[PDB]
Amino acid sequence: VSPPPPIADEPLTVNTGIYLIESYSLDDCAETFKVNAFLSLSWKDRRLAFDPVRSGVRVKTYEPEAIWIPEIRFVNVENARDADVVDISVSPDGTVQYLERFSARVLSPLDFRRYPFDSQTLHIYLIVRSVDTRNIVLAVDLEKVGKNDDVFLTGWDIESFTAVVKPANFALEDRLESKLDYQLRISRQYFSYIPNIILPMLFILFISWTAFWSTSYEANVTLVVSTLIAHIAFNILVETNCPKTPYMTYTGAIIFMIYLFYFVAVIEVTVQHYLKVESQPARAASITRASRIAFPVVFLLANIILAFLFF
Amino acid sequence: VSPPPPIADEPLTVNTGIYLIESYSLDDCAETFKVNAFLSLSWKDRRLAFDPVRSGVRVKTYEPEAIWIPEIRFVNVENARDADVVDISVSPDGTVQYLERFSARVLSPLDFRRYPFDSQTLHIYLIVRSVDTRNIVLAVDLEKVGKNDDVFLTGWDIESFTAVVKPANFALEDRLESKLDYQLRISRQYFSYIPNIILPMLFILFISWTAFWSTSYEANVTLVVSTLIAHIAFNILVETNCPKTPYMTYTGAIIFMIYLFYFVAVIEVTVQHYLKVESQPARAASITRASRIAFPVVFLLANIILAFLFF
Amino acid sequence: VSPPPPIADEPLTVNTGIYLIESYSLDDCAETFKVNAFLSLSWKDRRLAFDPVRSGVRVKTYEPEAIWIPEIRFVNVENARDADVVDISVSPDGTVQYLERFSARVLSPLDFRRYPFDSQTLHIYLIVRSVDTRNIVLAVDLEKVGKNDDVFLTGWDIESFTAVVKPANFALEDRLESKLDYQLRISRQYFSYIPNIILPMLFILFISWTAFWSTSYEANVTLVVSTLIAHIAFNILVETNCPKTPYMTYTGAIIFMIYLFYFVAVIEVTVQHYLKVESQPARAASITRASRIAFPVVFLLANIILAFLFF
Amino acid sequence: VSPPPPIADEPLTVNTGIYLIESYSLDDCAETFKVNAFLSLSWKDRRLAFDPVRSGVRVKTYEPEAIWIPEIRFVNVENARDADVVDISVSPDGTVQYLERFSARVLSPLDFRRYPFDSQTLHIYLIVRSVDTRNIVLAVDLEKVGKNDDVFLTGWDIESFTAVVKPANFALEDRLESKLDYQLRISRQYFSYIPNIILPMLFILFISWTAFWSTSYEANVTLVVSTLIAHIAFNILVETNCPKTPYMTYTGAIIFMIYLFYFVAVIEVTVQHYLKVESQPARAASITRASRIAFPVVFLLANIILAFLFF
Amino acid sequence: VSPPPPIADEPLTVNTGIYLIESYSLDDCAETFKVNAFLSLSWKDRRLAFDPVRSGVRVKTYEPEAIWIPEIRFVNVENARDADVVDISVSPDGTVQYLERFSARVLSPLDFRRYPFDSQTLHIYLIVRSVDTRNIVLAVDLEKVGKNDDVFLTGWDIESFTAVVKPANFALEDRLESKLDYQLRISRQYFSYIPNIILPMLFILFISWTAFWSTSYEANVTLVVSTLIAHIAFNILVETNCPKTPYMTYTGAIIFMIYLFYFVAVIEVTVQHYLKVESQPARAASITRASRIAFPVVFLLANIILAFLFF
Ligand SMILES: [Cl-]
Ligand SMILES: [Cl-]
Ligand SMILES: [Cl-]
Ligand SMILES: [Cl-]
Ligand SMILES: [Cl-]
Ligand code: NA
Ligand code: NA
Ligand code: NA
Ligand code: NA
Ligand code: NA
Ligand SMILES: [Xe]
Ligand SMILES: [Xe]
Ligand SMILES: [Xe]
Ligand SMILES: [Xe]
Ligand SMILES: [Xe]
Ligand SMILES: [Xe]
Ligand SMILES: [Xe]
Ligand SMILES: [Xe]
Ligand SMILES: [Xe]
Ligand SMILES: [Xe]
Ligand SMILES: [Xe]
Ligand SMILES: [Xe]
Ligand SMILES: [Xe]
Ligand SMILES: [Xe]
Ligand SMILES: [Xe]
Ligand SMILES: [Xe]
Ligand SMILES: [Xe]
Ligand SMILES: [Xe]
Ligand SMILES: [Xe]
Ligand SMILES: [Xe]
Ligand SMILES: [Xe]
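Chains as they are written, first to last, in the entry's author numbering: chain C, 5 to 315; chain D, 5 to 315; chain E, 5 to 315; chain B, 5 to 315; chain A, 5 to 315.
Structure (structure tokens):
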């Protein structure tokens, strides 16, 4: 078998569609997600056209090996998809209606700059390579693009599953390549983050601030340094232990600031004690009293600046 | 190798049955479970009907490739099941009795709101796509549905394995599809949850409450902050090792409350010391004495409120 | 490609034998072990009998597809075994000497109640489903049941590899199933557990007991609470790395008791200080002096009770 | 299904080309990277020659099984690549133009001496073994070598993808082997390393230096030892998760120096207290005052020496 | 498709050779290593012997299915090797020269008693089972046993790759089996171990010894107990990540001794304080002064004893 001949000079249009059956194993570290879906393909092959009267059948069923089928591949996959041809139906005019069920581990970059208030667009790129006899172009039938109502990703809200109707046609290794962009829009379920991460982290930092209502250097050293240990310990507890980000994230900036605040609070505690020991209790007491307001105010202000910069 | 013809216009009924041989690898983090079972299939194909007299046999055995077999797939699976046809038996009236042994990693959502006192319903969805010449409908042969007595999941009690006899017939990709729901009901058996996680976690919290029978600020700071470190450390030790659930769990609420209590106990310790240092020992001593009763009472009360809200 | 016919009414006997080549990847957490072995099968098919004179050969070699072979499966496996047919030999009377090399991940429950002084019996269940024309029954020749001298599992002593000669014949889905039990007896190598886990864990607990020879509340609080942190930290280090079992283990009871002892020692330290501060140094000194004997004695006694209950 | 015959005695030239579609899963610990690319092959097999006039077609398409294809293997791969033949085109002269899409996990050594300011050259070695009838030699078709613009490796800048045009022809097991070197040059994106790892690690070290403005031995012991705990804790948190490299890395030297500085600061704190207790407050105060300058200066100097030695 | 007949009664000699292409993924915890190599096989079959004058070919090339090939298996493998037949050549005398490229995960026990100053001998056991008509014996072709110069294992020095030329012939399942031992000798690259693990672990222990130049019980308790926490914390950081070995290792003994030393130092600190408080400052001061020498001397001596016992 060889590609169907053109009636004029027109390229062959392969009408696609992807219907999500299952979405699972979204890996934030690897920036990969596992998908189980239907892939529908539709094209016209007049060599396969028939008279339903002199055939006795209104539809003809074929085996994949029996007829010409376009070679559709995915661009952003780990390995080639595991596919199972479900059905191949031919109508009297030569229209081929192909359907397969596939599973694939798709590689899609994730932007964590706004984590855990981030939204992601997961991509699935369909591609077809043209042959010398004729050019092959992809198209989307949006009626055939959908997802099962029970499709889920834990900790995410699945907004929509759509495709960018206009394909990306370009030349590669002296042949035309037609590419389609299938997009799965998801938004993170950030609720439990406040009581599970933020609030306890904030409490530890607030504990370190009680050193501003104490003159005991030994009790102050225990307060700021032991809370720093508790902060690090807490971060180990809730750390995914999975992603080291090249870029600066929102949460990443807050955490860096918290470390800076532990260092500044140590400097204060050190300064206050030194001034007290160096017969200057008026300056020590005035710094400690200022810190009581300065620390929560500078924190609340810098957080507003960060929230503004990232969102 | 075409579907059996209808006697009238009726759809083909494929009688199903699943018998669990082994259940294993239930992953709470991935919301998946590995199953090893028998899949029985029964349908009538009159093209296969024979006279036991002029044949000499009461039953006929066929190879899968020799006869028409419906394409049964699972909806909620990672990849297609690993199947091995055990037996194919045809009776004189054309009744086919198919049996295969399969293994599959099933994706089933889990509700952790009541953990570790939670119960789960694991789902296995059978499906069949109808063909050009006739519609295929699934049915349940209750005689063929069951589980091996030795079937186990560590830390779980297997209540029952049943199927919702009425199939879910709907339209998918312009063809009728009949779906079945097989349910495995399991309840968490975690006898050791109390001694292993709860009690050591409560002991650490109770140690922090000894600061209410002490006036030493240095000893009190060491008590509340060091126990907070011990609490966090203990939670790293008994860590679920599962990514935090988006929703608020029962255990999650108790743990959040424990962090809040560590913060409140710090506030008390800070207030008591400040009042003492600011020549008000009557109000400091009255707060510390109230806390001795207030802390266990508010804890025991809030826990009853939480237990009521979740159960 | 039909089962051999009976001479009278008797069922077909398939003589089995498993010879362990390699045993590896014993996962305590998954309760699974990977095995690489030989599977020998012996049966008589009179349709295969021949005259060695006419044939010119004393033995005949066949391909698996050329002759009838019983469908032997394993009950407690993740997926069907990866098998490679090594040899098929037919003697002039129609006796078949089948041999294959296989690898399989076997699921076998493990009892950790006596850990690390536990012994386990690993099971491999062979099974055959009886066919339409005649019943198939399994048998063992214990001469053919063996293991390579170099077979090993790190941290275990392999006592024996045997089979329960009497098969378990039962009805399942209206047919007979003949099941065989192959047992691998292993006993844990518990020596490094004393210097690596037990002894350092006891030293940490003993350090907390030095608070009974001190009147300094600040030093005592640091002793009991810092050792509790060290205990938890040590447990994180020597993590069994297995999720807590549902049942109460021997080691599990000892560890729970150690947490209880840290709580009791805190109560003592708190009581001592309170009586000392509340003008009662006679009681505080008598309690502390009693604790010096009470704590090691109650510990040593409760440990004897636990060791008695578990063993 | 035999190699093409030589016209004289010349070796067969197989023109190669690799075009990267996707690059992912670069494992620093395993020294491996997963690649998804096109592999183009071109050679002359005159036995496949045809007249485009008699055939009608200007190019002929073949199935891989229909014609002879050179056995190209990769030297540094875990297992043989997962390949999918995209196209096989034969021109009238008998020139074959082969194209396949493959995925492979490539093993390439990584030098971490300059981490996180390191650059790496990832290698892909193509190889062909010569046959009985004729020698096979590899060549590079530069028109067919490249990478997709969207190719990315999280935390890396992809500089270039090139091939060393001159093959390495050598004898192995009495036959000629022609080897090609495909190189992917990458450089690490080290920015978030400063605020995420370096800066919080420096703050903990600086906190330990506040002991040089304190005479309280109890407060000093708490400062240096508690910060050492915080340092270790922080290292557990931002752990590379890679086993210690056999060689001494840049970051490895800095961390070793930080441990040495914690030990030296302890020695100082111990010396200062001993001199004070042994009626020598002039010597104690002069050491502590010197340390205030000595510690940051020696640190800043040794860091310059290390940066010079490694870069 | 029957073994070659013997000229007399001699067994068939299969000359073997393994050439390492790649060595990777050496897992200490799993005691496995992944290998990628060539397997050469040579044997004489006179049924394939031909006259070169009337045939006119250097060597005849065959497909695996076309001729008899001995079934060579590996003893110590997880699953059967992934093999790709590279070449099959037959010379006029009937000498078959077989070559395949394979990948396999080999199970080889590792002795960690001398870690990290250990050397290992990795084993690859070739095996052949004799057949009905004749016995098969393995031999080593030393010209075909080697390794690629670029073969590497991170953290190891690859000394040599050799084979024990004399096979181990024994009876198994009533047939003769000829076994060959291929050995890969490797020695660990222990340099970064001193600055990364040993030296910071000794510094933490040395810090605990500063308690011998202090009379402050509160400062001493903080010294010994906080360093014990730092030691455990450090061990978590540079954790082997391998499950505890059943046997006592060199490093294991040193670490056990370090825990014993922390306990002894606590006893001293406790004894010194008790003697001081129980009006015996002469006895207390003499113990603390002795400990200053006793602790480093006993440590240095016991370490020499351990180093002597293990090496
Ligand atoms: Cl694909
Ligand atoms: Cl399926
Ligand atoms: Cl099986
Ligand atoms: Cl390859
Ligand atoms: Cl093998
Ligand atoms: Na086709
Ligand atoms: Na069929
Ligand atoms: Na057969
Ligand atoms: Na070929
Ligand atoms: Na053969
Ligand atoms: Xe998607
Ligand atoms: Xe955060
Ligand atoms: Xe601040
Ligand atoms: Xe189920
Ligand atoms: Xe909890
Ligand atoms: Xe907190
Ligand atoms: Xe409270
Ligand atoms: Xe077993
Ligand atoms: Xe210890
Ligand atoms: Xe224990
Ligand atoms: Xe506790
Ligand atoms: Xe006790
Ligand atoms: Xe590369
Ligand atoms: Xe910090
Ligand atoms: Xe660093
Ligand atoms: Xe210094
Ligand atoms: Xe090896
Ligand atoms: Xe240190
Ligand atoms: Xe700590
Ligand atoms: Xe060590
Ligand atoms: Xe000692």
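Ideal placement from N, C-alpha and C gives every residue a C-beta, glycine not left out.
{"Asked": "Cβ of residue 316/D within 8 Å of any chain C Cβ", "Found": "Any property of residue 316/D remains undetermined from this structure, which presents chain D solely from 5 to 315."}
{"Asked": "Contact test: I131/D Cβ vs ligand 30 heavy atom, cutoff 7 Å", "Found": "no"}
{"Asked": "Cβ shell of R118/C (< 7 Å), same chain only, five flanking positions each side left out", "Found": "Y254, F314, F315"}
{"Asked": "Under 7 Å, CB to nearest heavy atom of ligand 22: contacting residues", "Found": "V268/E, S295/E, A298/E, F299/E, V302/E"}
{"Asked": "Chain-ordered neighbours of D13/E on chain D, where CB pairs are closer than 7 Å", "Found": "Within chain D, no residue comes near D13/E; the closest Cβ sits about 16 Å away, beyond 7 Å."}
{"Asked": "Per DSSP, the bridge partner or partners of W160/D", "Found": "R192/D"}
{"Asked": "Residue 388/B classed as buried or exposed, judged by whether at least 16 other C-beta atoms fall within 10 angstroms", "Found": "The structure shown does not extend to residue 388/B, since chain B is modelled only from 5 through 315, so no value can be given for it."}
{"Asked": "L52/E vs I71/E beta-carbon contact at 8 Å", "Found": "yes"}
{"Asked": "Distance between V149/C and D136/D (C-alpha atoms, nearest Å)", "Found": "22 Å"}
{"Asked": "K48/E and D97/E closer than 8 Å at C-beta", "Found": "yes"}
{"Asked": "Euclidean distance between Cα positions of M261/D and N307/D", "Found": "9 Å"}
{"Asked": "Close beta carbons around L30/D, own chain, < 6 Å, minus the five adjacent residues each side", "Found": "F37, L157"}
{"Asked": "Minimum length 4: unbroken alpha helix (DSSP H) runs contained in the segment 41-91 of chain C", "Found": "56-59"}
{"Asked": "Cutoff 8 Å: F195/C Cβ touching any chain D Cβ", "Found": "yes"}
{"Asked": "Contact under 8 Å by Cβ, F207/E with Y263/A", "Found": "yes"}
{"Asked": "Beta-bridge pairing of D185/B - partner residues as DSSP gives them", "Found": "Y129/B, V168/B"}
{"Asked": "Interface flag, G256/E vs chain A, CB-CB below 8 Å", "Found": "no"}
{"Asked": "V18/A: contacting residues in chain E (beta-carbon distance under 9 Å)", "Found": "By Cβ distance, chain E contributes nothing, its closest Cβ being about 16 Å from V18/A, past 9 Å."}
{"Asked": "Other residues of its chain near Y102/A: CB distance less than 6 Å, five sequence neighbours each side excluded", "Found": "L45, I92"}
{"Asked": "With 16 other Cβ atoms within 10 Å as the buried cut-off, status of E222/B", "Found": "buried"}
{"Asked": "Environment of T244/C [buried if 16+ CB atoms lie within 10 Å]", "Found": "exposed"}
{"Asked": "Whole-Å CB distance - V144/D paired with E181/D, under 8 Å assumed", "Found": "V144/D to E181/D, Cβ: 17 Å. No contact."}
{"Asked": "Segment limits, alpha helix (DSSP H) that includes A288/C", "Found": "285-314"}
{"Asked": "Exposure label - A311/D; buried when at least 16 CB within 10 Å", "Found": "exposed"}
{"Asked": "Residue interval of the beta strand (DSSP E) (run including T226/E)", "Found": "Not the beta strand (DSSP E): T226/E falls in the alpha helix (DSSP H), residues 221-241."}
{"Asked": "Any 3 or more C-beta pairs closer than 8 Å across the segment 56-70 of chain D and the segment 184-200 of chain D", "Found": "no"}
{"Asked": "is_contact[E35/C, chain B] using C-beta, thresh 8 Å", "Found": "yes"}
{"Asked": "Neighbour list for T249/B in chain A, Cβ cutoff strictly below 7 Å", "Found": "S196"}
{"Asked": "Residues from the segment 275-294 of chain D in contact with chain E, defined by Cβ distance under 8 Å", "Found": "none"}
{"Asked": "Span of the alpha helix (DSSP H) around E272/D", "Found": "254-281"}
{"Asked": "Beta-carbon separation (whole angstroms), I240/D vs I233/E, contact threshold 8 Å", "Found": "Going by Cβ atoms, the distance from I240/D to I233/E rounds to 11 Å, so no, they are not a contact pair."}
{"Asked": "Beta carbon proximity, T231/B to chain C, threshold 8 Å", "Found": "yes"}
{"Asked": "Same chain, Cβ closer than 8 Å to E147/B, neighbours up to 5 away in sequence not counted", "Found": "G21"}
{"Asked": "Interface residues of chain E facing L111/A [CB-CB closer than 8 Å]", "Found": "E26, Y28"}
{"Asked": "Under 8 Å between C-beta atoms of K170/A and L24/A", "Found": "no"}
{"Asked": "For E35/C, the three-state DSSP class (helix, strand or coil)", "Found": "coil"}
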